[PDB]
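A short write-up of the structure that comes next.
Atoms within each ligand, like the ligands themselves, are counted from 1 in listed order. Each chain gets a letter, A, B and so on, in the order the sequences are listed, and its residues count up from 1. These numbers come from the heavy atoms of this one structure, side chains and all, not from hydrogens, waters or symmetry mates.
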Amino acid sequence: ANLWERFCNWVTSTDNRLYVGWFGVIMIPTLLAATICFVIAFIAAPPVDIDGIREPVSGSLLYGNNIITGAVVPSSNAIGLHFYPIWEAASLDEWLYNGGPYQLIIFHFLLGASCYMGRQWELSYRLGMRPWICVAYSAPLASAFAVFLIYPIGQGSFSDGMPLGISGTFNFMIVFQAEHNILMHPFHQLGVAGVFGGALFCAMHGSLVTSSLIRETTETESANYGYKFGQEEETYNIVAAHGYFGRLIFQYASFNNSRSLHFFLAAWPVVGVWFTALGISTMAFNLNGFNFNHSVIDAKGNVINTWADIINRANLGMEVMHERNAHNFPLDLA
Amino acid sequence: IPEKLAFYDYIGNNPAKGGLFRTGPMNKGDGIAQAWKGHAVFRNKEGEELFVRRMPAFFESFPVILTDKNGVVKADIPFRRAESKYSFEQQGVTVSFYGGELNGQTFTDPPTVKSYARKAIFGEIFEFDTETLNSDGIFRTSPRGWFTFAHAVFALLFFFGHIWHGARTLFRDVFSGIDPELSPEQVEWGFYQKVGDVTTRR
Amino acid sequence: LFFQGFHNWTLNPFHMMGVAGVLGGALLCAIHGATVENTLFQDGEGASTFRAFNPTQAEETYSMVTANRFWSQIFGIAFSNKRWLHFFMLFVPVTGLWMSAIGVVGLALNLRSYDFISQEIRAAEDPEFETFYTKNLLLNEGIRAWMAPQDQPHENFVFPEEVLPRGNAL
Amino acid sequence: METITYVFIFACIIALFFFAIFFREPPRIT
Amino acid sequence: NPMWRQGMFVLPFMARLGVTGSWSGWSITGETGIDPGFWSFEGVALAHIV
Amino acid sequence: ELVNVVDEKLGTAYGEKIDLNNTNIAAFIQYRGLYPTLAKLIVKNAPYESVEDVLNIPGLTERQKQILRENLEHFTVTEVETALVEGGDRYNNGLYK
Amino acid sequence: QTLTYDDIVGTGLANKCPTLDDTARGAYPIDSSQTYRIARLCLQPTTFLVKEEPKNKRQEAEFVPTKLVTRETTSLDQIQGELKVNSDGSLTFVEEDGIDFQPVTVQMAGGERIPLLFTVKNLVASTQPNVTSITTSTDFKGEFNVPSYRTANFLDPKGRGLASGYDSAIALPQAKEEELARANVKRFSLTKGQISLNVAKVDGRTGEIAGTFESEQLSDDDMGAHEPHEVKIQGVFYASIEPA
Amino acid sequence: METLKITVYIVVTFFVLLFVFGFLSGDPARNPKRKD
Amino acid sequence: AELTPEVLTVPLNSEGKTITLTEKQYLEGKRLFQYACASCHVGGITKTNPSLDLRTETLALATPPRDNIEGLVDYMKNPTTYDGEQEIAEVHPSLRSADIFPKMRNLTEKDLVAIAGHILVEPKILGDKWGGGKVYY
Amino acid sequence: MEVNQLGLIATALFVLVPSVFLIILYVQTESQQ
Amino acid sequence: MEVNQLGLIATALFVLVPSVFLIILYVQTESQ
Ligand SMILES: CCCCCCCCCCCCCCCCCC(=O)OC[C@H](CO[C@@H]1O[C@H](CO[C@H]2O[C@H](CO)[C@H](O)[C@H](O)[C@H]2O)[C@H](O)[C@H](O)[C@H]1O)OC(=O)CCCCCCCCCCCCCCCCC
Ligand code: CLA
Ligand code: CLA
Ligand code: CLA
Ligand code: CLA
Ligand SMILES: CC(C)=CCC/C(C)=C/CC/C(C)=C/CC/C(C)=C/CC/C(C)=C/CC/C(C)=C/CC/C(C)=C/CC/C(C)=C/CC/C(C)=C/CC1=CC(=O)C(C)=C(C)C1=O
Ligand SMILES: CCCCCCCCCCCCCCCC(=O)OC[C@H](COP(=O)(O)OC[C@@H](O)CO)OC(=O)CCCCCCCCCCCCCCC
Ligand code: HEC
Ligand SMILES: CC1=C(/C=C/C(C)=C/C=C/C(C)=C/C=C/C=C(C)/C=C/C=C(C)/C=C/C2=C(C)CCCC2(C)C)C(C)(C)CCC1
Ligand code: OEX
Ligand SMILES: [Cl-]
Ligand SMILES: [Cl-]
Ligand SMILES: [Fe+2]
C-alpha cells in the first residue's frame with residue numbers, strides 16, 4: 001500500500017501490455033534517446049568529417065541522400081576514442097560537423113540493447129519460464145558490440161566503427177576485408193556456417209512440420225485454422241516427419257526427440273554467430289585471416305599464384321583506394 | 001566504310017553495358033547518334049601507329065592505354081603524375097582521322113588528343129545529340145538485353161509454378177494435411193518390406 | 001570480391017532481399033529453438049529436460065500460451081498459431097534465396113544496380129559532395145584495376161604503375 | 001519530393017507498428 | 001526576394017506574432033548571427049509535431 | 001583555358017630530365033653520387049636560372065663539383081611550378097613504392 | 001615555474017598564445033648595428049569574419065560573424081624569422097619557418113561551411129621608419145602567401161585531382177565534358193594576404209612583445225571549383241626577440 | 001551547455017538509482033512460485 | 001625451371017670476378033635474411049625508407065658499388081649512405097654496431113656471404129617483384 | 001537532385017494499389033461476422 | 001507539350017482515392 005512498493009509492483013507487473021521491469025527502466029529512455037536522435041540525424045544532419053581530414057561526408061536525406069546511401073556518419077578521427085557529448089562542444093554546429101550524433105546513438109543503443117537482453121531474463125522469471133532465451137539474443141548483441149565498440153577500441157577511433165546506414169555498412173565490410181582478410185578468417189567462416197546453416201535448418205524444420213500437419217481442414221480453408229491457440233494436442237505428426245526425413249537420409253541422422261531438435265535449432269546459429277562476433281572482436285586487435293600470399297613457389301623460386309594470391313590483388317585495390325586522402329606514410333597501421 | 005557498319009563497332013550498342021534501373025531507350029544515355037566522326041589513328045612522336053585498348057564489357061570504367069602493333073605499351077593517361085613515363089605529353093601522341101566528319105584532320109594539342117583516346121576505348125567515335133532527350137551519358141541496354149532478362153527471369157519463376165502445381169497434382173489427397181490415423185507402424189522402419197506398401201508385412 | 005568490384009552486387013535490391021531472407025531465417029531458427037526450450041512443460045523429474053519427451057505423446061511439449069504472452073510483452077507481437085509459424089519458417093529463407101537468384105540472372109547480362117544516376121550527376125558537378133555511395137565506387141575501381149590482369153590472364157592486360165588508381169601514400 | 005516520399009513511407013510503417021501491437025486480433029485460448 | 005514572393009503561407013503567421021529567426025542563424029529582417037533560443041521557426045514547428 | 005599544369009609540365013624537359021627547380025628529391029637516386037648529400041643541397045638552393053648555376057652552391061668541395069659536372073647533362077631547369085613545390089612536396093610527394 | 005605538458009593536455013591552453021603582464025609597457029631598443037631574430041611568434045585567432053555576396057551592384061556586402069566548427073586547432077606558433085634593420089630605421093620581419101598554417105572551417109548563418117588556410121606563410125612585415133625602439137605604439141604591416149587549401153595530390157570524391165587522379169567524370173562516360181571542365185580540371189591557386197600587427201605590451205627586460213592582429217585573405221576555392229570568399233581574421237599575438 | 005550537462009547527470013543518476021534500488025527491493029521474491 | 005648454377009652465379013667484386021653459390025648457401029642466405037633483415041627489407045624494399053631498395057640496378061648506382069659480394073659484405077660491416085659520404089652504423093644493423101643491433105652478434109663471415117648472395121640471386125628469380133612493392137605482389 | 005520524375009508516381013502506385021487491395025478484402029471480411 | 005508534371009499524380013490520386021473509398025464501402029455491403 002506504500003508508495004515505493006506500489007511503484008515496484010507496477011514496474012514488475014506481468015499485467016502491462018508491454019513489460020517494463022527494472023531493465024526496462026534504463027532501456028526505455030536510452031532507446032528513445034537513440035531512436036529519436038537517429039531519425040532526426042538520418043533526415044537532416046549536415047555532413048560529418050568522419051576521417052578527421054576536413055572532408056565531410058554527406059549522410060542525410062536533405063543533403064542529397066536516398067534511403068540506400070544515407071547514414072549517420074561515424075565521429076571524427078580527430079576525436080579518436082575521446083568521449084564527445086554535446087556539452088563538450090562549443091556549439092551544436094561543431095558537434096554536428098565532428099559527428100557527435102553517432103556517439104550519442106551508439107552509446108544509448110548499446111545500453112538499451114543490453115537492457116533489452118536483461119529484460120528478456122526478467123520477464124522469463126516473472127512468468128515461471130526457463131531463463132535462457134536471453135542467452136540466444138547475446139549472439140546478435142555481441143555482434144553489435146563488436147562493430148560499434150570493440151573494433152573502434154582496438155583500432156583507436158570511432159571513425160572506424162560501422163556507419164549507421166546501408167552503404168556505410170558495405171563500406172565498413174569492404175575496408176575490413178582489405179585490412180584483415182576477414183574472408184580467410186576461420187571465425188567468419190563459422191559465422192557463414194552458422195548463418196547459412198541457420199537458414200537451412202529454418203527451412204527444413206518449417207517444411208517438415210508443415211509436411212506433417214494433420215488433416216483438420218478442407219481444401220477451401222487455410223490449413224492454419226486446424227490449430228487453435230492453446231490446444232493441448234500437438235498439431236503435426238512427428239513420427240511421420242521422422243519417418244520421411246530419416247528415409248531421405250538414413251534413420252540415425254534424424255531427430256525423433258523434439259526437445260533435442262529444437263535445442264539444436266537454437267545452438268547452431270547462436271554458436272556460429274558468437275564466433276563471428278568473436279571474429280570482429282579479435283581482428284580488432286589485428287589477429288587477421290590466414291595469409292597464404294606467395295606460399296607456393298616452384299623449384300627455381302618463381303611464385304606460383306593460387307586463389308589466395310588473387311584475393312590479395314583484390315584486397316590491394318581496396319587498400320590503396322580507401323580513405324584516399326588520409327594517409328601520408330606508407331603503412332596503414334590502423 | 002558505311003556509317004552503319006562503323007556504328008556496330010561501338011560498345012554503346014553492346015547490350016551488356018547497361019544497368020537494371022537505367023531506364024528507357026539507349027538514346028537517353030549516350031544520346032541520338034548523328035554522324036560517324038571518322039576513324040582515329042594515334043601516332044607517337046616517332047610516327048609509330050598506336051592502338052587504344054578497347055574497354056571490355058565487364059568494366060564500368062577502364063583506363064586509357066595505347067599499344068603498338070605488337071602489344072607493347074607505348075603511351076597512356078596516367079593516374080599518378082609524378083613518376084609517369086608514358087604520358088601523351090612525353091610521348092608526343094597525335095590523333096588523325098580518316099573517313100567520317102573529321103576526315104583528314106589531325107590534332108596534336110594533348111587535351112584534345114586525350115579526349116578522343118578517352119572515347120576510342122568505346123570503339124568507333126560518333127557525334128551524339130545529347131540535348132534533345134536530355135541524355136545523361138550512361139550506357140543502357142537494348143531490347144535484346146531487356147527481352148533476355150525478362151524471359152530468363154520468367155522462366156526461372158515458372159519452374160516454381162511447375163513444381164507447385166505438379167506437387168498439388170500428385171499429392172491432392174493430402175493437400176489439407178495427412179491422414180489423422182496414420183499409424184507409426186507404416187512409418188517406422190522394417191515394418192513393411194516395401195515402403196508404404198501395407199501388403200509386405202513380415 | 002569480383003561481384004563487388006565489377007557488379008557492385010551489394011547495392012542490388014535482389015541481393016538485399018536474399019540477405020534478409022538468410023539472416024531472418026537464421027534468426028527464426030534461433031528464436032524458435034530457444035523459445036521451445038524455455039517454455040517447456042515439466043514432464044520429468046530430471047535436470048536434463050530431453051529425457052521427458054516421447055515422440056508419440058499427443059501433448060505439445062512446450063507452452064504456446066506462455067510463449068505467446070512472453071513475446072507479446074517483450075516484443076509487442078507474437079505468434080499465436082503453430083501452423084503459421086512453421087510455414088513462415090519455410091517461407092522466409094526460401095523466398096530470400098529465390099530473390100537473390102533473380103538478381104544474379106540480371107548480372108548474367110551485366111544488368112546491375114551499379115549506380116544512382118542522381119548521385120553521379122551531382123558529384124560530377126560538385127567536388128565537395130561525397131557519400132558512402134561514392135566512397136564505395138572508388139573501392140570497386142581499385143579492385144578492378146588491381147585484380148584484373150591476374151584474374152583474367154587471357155585479356156593480357158598490362159597496366160603500367162602510373163595508371164593504377166591509388167590514394168595518397170598507399 | 002524524394003525526401004518527402006521516403007519519410008512518408010517510414011512514417012506509415014511506424015503507424016502500422018502502433019496498430020499491430022495495440023489493435024491486434026487478441027489471441028484467445030481453445 | 002521576401003517570403004511572399006516564394007509562396008510562403010505559414011511563415012508569415014509565425015513572423016506576425018514574433019517568430020523571426022532560425023536556428024541556422026538568419027532572421028527574416030536579414031540580420032545574421034542571431035540566437036533566437038528555442039522559439040525559432042524550427043522550434044515552433046517541432047512543438048506542433050510533438 | 002583550363003589546363004592541368006602538371007600534365008603540361010610533362011611536355012617539357014621536366015618530363016625527360018631531373019628538373020633542378022621542380023623534381024621531387026627521390027629522382028636524384030637515379031645517378032650515382034647525388035643522394036642524399038648533393039640532392040639535399042640542390043633542393044634547398046633552388047631555384048636555378050641555368051643548369052650551370054648548381055656549381056655556384058657555397059660550400060661545395062671539389063669532389064662534389066666533379067660529380068655535378070659529370071651529371072649536368074641529366075639536369076634541366078624550367079619555371080617553378082607552384083603545384084610541385086608547395087606542401088614540401090619536393091621532399092615527400094606522397095609516392096613511396 | 002612554467003607549466004608541464006600534463007598540466008596543459010586537454011585544457012585548450014595549448015592553443016593559446018603566451019600573454020604579457022598588463023604591467024608590460026616598456027620598450028625594446030634596437031641597435032642599428034646589432035642583428036636580431038624572432039625566436040617565437042604565436043598568433044591566436046579569436047574571430048573569423050566573412051564577406052557576404054550582395055547580389056546587386058552598389059550595396060557592397062558586409063563582413064558577418066561565423067561559428068567555428070574545427071575546435072581548438074587554429075593557432076600559428078613556433079614561428080621564427082630574421083628581424084632586419086632597414087636603411088631608414090624601419091624593421092622588417094622575414095618569416096623563415098614555423099607552424100605557420102592551420103586549416104579552419106567556420107559556418108555562416110544558413111549552414112554554409114567556409115574552409116580556409118589560416119596562414120602567414122612567407123610573411124614579410126615592416127614597421128614605419130625611424131624606430132630605434134619597439135613600443136606600445138609600434139605597428140607592423142605586411143603581406144604573406146596563401147597557397148591552395150588542398151595540395152596537388154588531393155583527390156575529390158570522384159577520384160579527380162591535379163597531380164594524381166582521373167581527368168574526367170568517369171561515372172558519365174558519354175556525357176558532354178564541356179559543362180564539367182571546371183570540376184574536372186583542378187587548379188592550384190596561390191594568393192596574397194595582408195596582416196597588421198599592433199604592439200600593445202612590451203617587456204623591456206626580456207624582449208617579449210604582444211598585441212593584436214588583423215589579417216585579410218581568401219578562403220578555399222576547392223581547386224578552382226568555386227569562387228572563394230573574403231575572410232578577415234582578428235586575434236592576439238605574442239612574440240619573443242633575441243639578439244641574433 | 002553546463003545547464004545541459006547538469007540536467008543529464010541528474011536524469012541519469014535518477015534512473016540508475018531506480019534500477020539499483022528496484023532490484024534491492026526483494027527481487028527474488030517477485031516470481032510466481034516460491035517467494036523469498 | 002630450377003635453381004641452376006647460372007642463376008646462383010653472382011659477381012664477387014667490381015673487377016668482374018664471379019662466384020657460384022650452392023643451393024645450400026642460397027637457402028642459408030634466405031633464412032638469415034629473414035632473421036636479420038626482412039623486418040625492414042621484405043621483398044627487397046625498405047619499409048623505413050622506400051626510396052632505397054635492394055634491386056641490383058639500385059645497388060649498382062650506389063657509392064661504392066654494392067652490386068657484388070664484396071660491396072655487400074662491406075656494407076654489412078660498415079654501412080654508408082648511398083653516396084658513401086657518411087657512415088650510418090648508428091641507425092643501420094651492422095657488425096660494427098652489433099652492440100646496439102644484437103641480431104648481428106652471431107653472424108659469421110660466411111653468413112654475410114650467404115646473405116649477400118641471396119640479395120643478388122633473388123632478383124634473377126623474381127624479377128621486378130624483388131624491390132617493386134605491392135604493385136607486383 | 002536530378003531524379004527520375006516518374007519515380008514518384010511509381011512509388012505511390014506501388015504502395016497504393018496493393019494496399020487498397022488488402023483493405024478491401026479485410027473490411028468485407030469483418031462485415032461477415 | 002510543356003505540361004505540369006505534377007498533373008499526372010494529382011489526376012491519378014484524384015481518381016484512385018475516392019474511387020477506392022466507394023469500392024471498399026460497396027464490397028463490405030455485398031458481404032453482409
Ligand atoms: C512513445 C512513448 C515515450 C514518450 C515520448 C515522449 C515525447 C517527447 C519526444 C521528445 C521530442 C524530441 C524532439 C527532438 C528534440 C531535439 C531538438 C534540439 O536539440 O533542439 C535544440 C535547440 C537547437 O539549437 C540550435 O541548433 C542549431 C543546429 O544547427 C543545425 O540545424 C539548423 C536547423 O536545421 C540548420 O540546419 C543549421 O545549418 C545546422 O548547423 C544551431 O547550432 C543553434 O545555435 C542552436 O541553438 O536548442 C535550444 O535552444 C533548445 C533548448 C536548450 C538550450 C540550452 C539549455 C539547456 C536546456 C536543457 C535541456 C533540457 C532538455 C529537457 C530535459 C529535462 C528533463 C526534465
Ligand atoms: C555469401 C557471403 C557472405 C555471407 C553469408 C556472410 C555472412 C556474415 N558476415 Mg560476412 N562478408 C562477406 C560475405 C559474406 N558474409 C564479404 C564478401 C565481406 C567482405 C567485403 C564480408 C565482410 C564482413 C564483415 C566486415 C562483417 C561480416 C559479418 C557477417 C555476419 C553478418 C550477420 C551478423 O552479424 O549477424 C549478427 C547480428 C546482428 C549484427 C544484429 C544485431 C541486432 C541488434 C542487437 C538489434 C537491432 C535492433 C534494430 C535497430 C531495430 C529493429 C526493431 C524494429 C521494430 C525496427 C554473417 C556471419 C559481420 C560480423 O561477423 O559481425 C559480427 C561483420 O562485421 N562480414
Ligand atoms: C517482357 C516484358 C517487356 C519488356 C522486355 C519490355 C522492354 C522495354 N520496354 Mg516495355 N512494357 C511492358 C513489357 C515489356 N517491355 C509492359 C507490360 C508495359 C506496360 C506497363 C510496357 C510499357 C512500356 C513503356 C511505357 C515504355 C516501355 C519501354 C521499354 C524499354 C525500356 C524498359 C526499361 O527501362 O525497363 C526498366 C525495367 C525495370 C526498372 C525493372 C522493373 C522490375 C522491378 C524492378 C521488379 C519488381 C520487384 C518485385 C516488387 C519484387 C518482390 C517479389 C517478392 C515480394 C516475392 C524496353 C525495350 C520504354 C521505352 O523506351 O519505350 C520507348 C517506355 O517508355 N515499356
Ligand atoms: C528440379 C527439377 C525437376 C523436378 C524435381 C521435377 C519434378 C516433377 N516433374 Mg518436372 N520437369 C523438369 C524439371 C523438374 N521436374 C524439367 C527441366 C522439365 C522439362 C522442361 C520437366 C518436365 C515435366 C513434365 C512435362 C512433367 C513433369 C512432371 C513432374 C512430376 C513427376 C516426376 C517427373 O515427371 O519427373 C521428371 C523427371 C526428370 C525431370 C528427371 C529426368 C532426368 C533426365 C532425363 C536426365 C537427362 C540426362 C541428359 C541426357 C544428360 C546429357 C545432357 C548434356 C549434354 C547437357 C514432379 C512434380 C509431370 C507432372 O507434373 O505430373 C503431374 C509431367 O507431366 N516434369
Ligand atoms: C551479411 C552478409 C551476407 C549474407 C547473409 C549474404 C547472403 C547471400 N549471398 Mg551475398 N555477399 C555479401 C554478403 C552477404 N551475402 C557480400 C558482402 C558480397 C560481396 C558482393 C556478397 C556476394 C555474393 C555473391 C557473389 C553471391 C552471394 C550469394 C548469396 C546467397 C547465397 C545463397 C546460398 O545459400 O548459396 C549456397 C549455395 C547453394 C544453395 C547452391 C546449392 C547448394 C547444394 C545443395 C550443395 C550440396 C552440397 C553437397 C551435399 C556436398 C558438399 C560436400 C563438400 C563440401 C565436402 C545469400 C542470399 C549468391 C547468390 O545471391 O546466389 C543466388 C552469390 O552468387 N553473395
Ligand atoms: C527516418 C528514416 C527514413 C529512417 C531510415 C532507416 C532505414 C535506413 C531504413 C531502411 C529499411 C530497409 C530498406 C530495409 C529493407 C529490409 C529488406 C531488405 C526487406 C526485405 C524484403 C523481402 C520481402 C525479403 C524477402 C525475404 C523475406 C521474406 C524476409 C522476411 C524476414 C522476416 C520478417 C523475418 C522475421 C523476423 C522476426 C523478428 C520475427 C520474430 C517473430 C517472433 C515474434 C517470434 C517469437 C516467437 C517464437 C516462438 O517460437 C513462439 C512459439 C512464439 C509464440 C513466438 O512469438
Ligand atoms: C518496448 C520495445 C518494443 C519494441 C517495438 C517494436 C514493434 C515493431 C514490431 C512489429 C510490428 C509489426 C508487425 C506487423 C505484422 C503482424 O502483426 O504480425 C502478427 C503475426 C501474428 O501471428 P499469428 O500466428 O497470430 O497469426 C496467425 C494467423 O492469423 C495467420 O493468418 O505475427 C507474425 O506473423 C510473426 C512474424 C511477423 C514478423 C514481423 C516482424 C518484422 C517487423 C520489423 C520490420 C521492420 C522493418 C522496418 C524498417 C523501417
Ligand atoms: C630497419 C630496421 C632495417 C633493417 C633491420 C635492415 N635495414 Fe638495410 N636499410 C634500412 C634503411 C633505412 C636503409 C637506407 C639507409 C640510407 O639512408 O641510405 C637501408 C639500406 C640498406 C642497403 C643499401 C640499399 C641501396 O640502395 O644501396 C642495404 C644493402 C641494406 N640496407 C641491407 C640490409 C641487410 C643485409 C640487412 C640485414 C642484415 C638490413 N639491411 C637490415 C633499414 C633496415
Ligand atoms: C501536409 C503537408 C505535407 C505532407 C504531409 C504528409 C505526407 C503527412 C503524412 C503524415 C503521416 C504519414 C503521419 C503518420 C504518423 C504516425 C504516427 C502518429 C505514429 C504513431 C506511433 C506510435 C504511437 C507508436 C507507439 C509505440 C509504442 C508506444 C511502444 C513501442 C511500439 C510503438 C513504437 C508502436 C507536405 C510535406 C507535402 C507539405 C506541407 C504540408
Ligand atoms: O580510417 Mn577508417 O580505415 Ca582502419 O586503417 Mn587506417 O584507419 Mn582509416 O585507414 Mn585503413
Ligand atoms: Cl573508404
Ligand atoms: Cl598516415
Ligand atoms: Fe518447431
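Scanning H/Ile10, G/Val69, E/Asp35 for the heavy atom closest to atom 46 (O) of ligand 1 points to E/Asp35. The closest non-hydrogen atom to atom 57 (C) of ligand 1, taken over A/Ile36, H/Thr3, H/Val8, comes from H/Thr3. Across the listed options A/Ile40, A/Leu92, A/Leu62, A/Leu92 owns the non-hydrogen atom lying nearest to atom 45 (C) of ligand 1.
Under the 4.0 Å distance rule, the nearest protein heavy atom to atom 26 (O) of ligand 1 falls inside the cut-off. Distance check on atom 18 (C) of ligand 4: every protein heavy atom falls at or beyond the 4.0 Å cut-off. Within the 4.0 angstrom cut-off, atom 37 (C) of ligand 4 has no protein heavy-atom neighbours. At a distance under 4.0 Å, a protein heavy atom can be found next to atom 27 (C) of ligand 4. At a distance under 4.0 Å, no protein heavy atom can be found next to atom 8 (C) of ligand 1. Within 4.0 Å of atom 65 (N) of ligand 4, at least one protein heavy atom is present. Distance remark: protein heavy atom not present below 4.0 angstrom from atom 31 (O) of ligand 1. Proximity of atom 37 (C) of ligand 1 to the protein is indicated by at least one non-hydrogen atom lying closer than 4.0 angstrom. Per-atom contact check: atom 34 (O) of ligand 4 does not touch the protein, criterion being a heavy-atom distance below 4.0 Å. By the definition of a contact as any protein heavy atom under 4.0 Å away, atom 52 (C) of ligand 4 is not in contact. Atom 41 (C) of ligand 1 is flagged as protein-proximal [any protein heavy atom, distance under 4.0 Å]. For atom 61 (O) of ligand 4, the nearest protein heavy atom lies 4.0 Å or farther away. For atom 10 (Mg) of ligand 4, a protein heavy-atom neighbour is found at a distance under 4.0 Å. Within a 4.0 Å radius of atom 66 (C) of ligand 1, the protein contributes no non-hydrogen atoms. At a distance under 4.0 Å, a protein heavy atom can be found next to atom 3 (C) of ligand 1. At least one protein heavy atom sits closer than 4.0 Å to atom 14 (C) of ligand 1.
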task = Walk me through it: do A/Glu88 and H/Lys5 pass the test salt bridge (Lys or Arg N to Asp or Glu O under 4.0 Å)?
result = CA-CA 9 Å; A/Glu88 283 280 321; H/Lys5 188 181 187 186; 5.2 Å; no
request  = Could you please spell out the steps behind the side-chain contact (heavy atoms from CB on, under 4.5 Å) verdict for G/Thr74 and G/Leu68?
outcome  = CA-CA 10 Å; G/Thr74 48; G/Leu68 182 64; 4.1 Å; yes
query = Does the pair G/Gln107 and A/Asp93 meet the rule for a side chain to side chain donor-acceptor pair (under 3.5 Å), with working shown?
reply = CA-CA 8 Å; G/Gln107 185 159 312; A/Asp93 309 280; 3.1 Å; yes
message = Evaluate A/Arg324 against C/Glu130 for salt bridge (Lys or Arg N to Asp or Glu O under 4.0 Å), listing each step before the verdict.
response = CA-CA 13 Å; A/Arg324 70 212 174 266; C/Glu130 180 168 30; 2.9 Å; yes
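Taking the six-membered ring wherever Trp is involved, the centroid distance between the rings of A/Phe23 and H/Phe19 falls below 6.0 Å. Close placement of the D/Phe18 and D/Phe22 rings is indicated, their centers lying within 6.0 Å of each other. Residues A/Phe158 and A/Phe107 place their aromatic rings such that the two centres sit under 6.0 Å apart. Aromatic pair A/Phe176/A/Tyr151: ring centres closer than 6.0 Å. Taking the centre of each ring, B/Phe158 and B/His165 stay at or above the 6.0 Å mark. Here E/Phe41 and E/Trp26 bring their ring centres to under 6.0 angstrom of each other.
Inclusion of G/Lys67 in the set of residues having an N or O under 3.5 Å from an N or O of ligand 1 is warranted. In terms of N/O distances under 3.5 Å, ligand 1 is approached by G/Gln107.
The pair A/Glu94-G/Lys67 does not meet the salt-bridge criterion, since no charged nitrogen lies less than 4.0 angstrom from a carboxylate oxygen. In this structure, C/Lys135 does not pair ionically with A/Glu55, as no charged nitrogen and carboxylate oxygen lie closer than 4.0 Å.
Minimum-distance N/O/S atom of B/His162 relative to atom 10 (Mg) of ligand 4: NE2.
Counting only heavy atoms from C-beta outward, the side chains of C/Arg166 and G/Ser164 never approach each other to under 4.5 Å. Using a 4.5 Å cut-off on side-chain heavy atoms (C-beta onward), G/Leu49 and G/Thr47 make contact.
For OH of A/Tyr244, the number of neighbouring non-hydrogen atoms (other residues, nucleotides, ligands) closer than 6.0 Å is 12 at most. In the displayed structure, I/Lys47 atom NZ is contacted under 6.0 Å by at most 12 heavy atoms of other residues, nucleotides or ligands.
If you check which protein heavy atom lies closest to atom 5 (C) of ligand 4, you get B/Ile163 CD1, 4.1 Å. Closest protein heavy atom to atom 34 (O) of ligand 1: E/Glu42 CG, 4.7 Å. Among protein heavy atoms, the minimum distance from atom 62 (C) of ligand 1 is reached at H/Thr7 CG2, 4.8 Å. Among all protein heavy atoms, the one lying closest to atom 43 (C) of ligand 1 is E/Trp23 O, 3.3 Å. Atom 13 (C) of ligand 4 has as its closest protein heavy atom B/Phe159 CE1, 4.1 Å. Among all non-hydrogen protein atoms, the one lying nearest atom 59 (C) of ligand 1 is H/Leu4 CD2, 4.5 Å. For atom 31 (C) of ligand 4, the nearest protein heavy atom (residue, atom name, distance) is B/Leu170 CD1, 4.0 Å.
With a heavy-atom cut-off of 4.0 Å, A/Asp93 touches ligand 1 through backbone and side chain alike. Contacts with ligand 1 closer than 4.0 Å are made by side-chain heavy atoms of A/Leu32 only, the backbone lying farther away. With a 4.0 Å cut-off on non-hydrogen atoms, H/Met1 does not touch ligand 1 at all.
One N or O on the side chain of C/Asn168 and one on the backbone of A/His327 form a donor-acceptor pair closer than 3.5 Å.
Judged by the 6.0 Å and 45° rule, A/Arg119 forms no cation-pi pair with A/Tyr19.
Each of the following atoms of ligand 1 lies closer than 4.0 Å to a heavy atom of G/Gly111: 38 (O).
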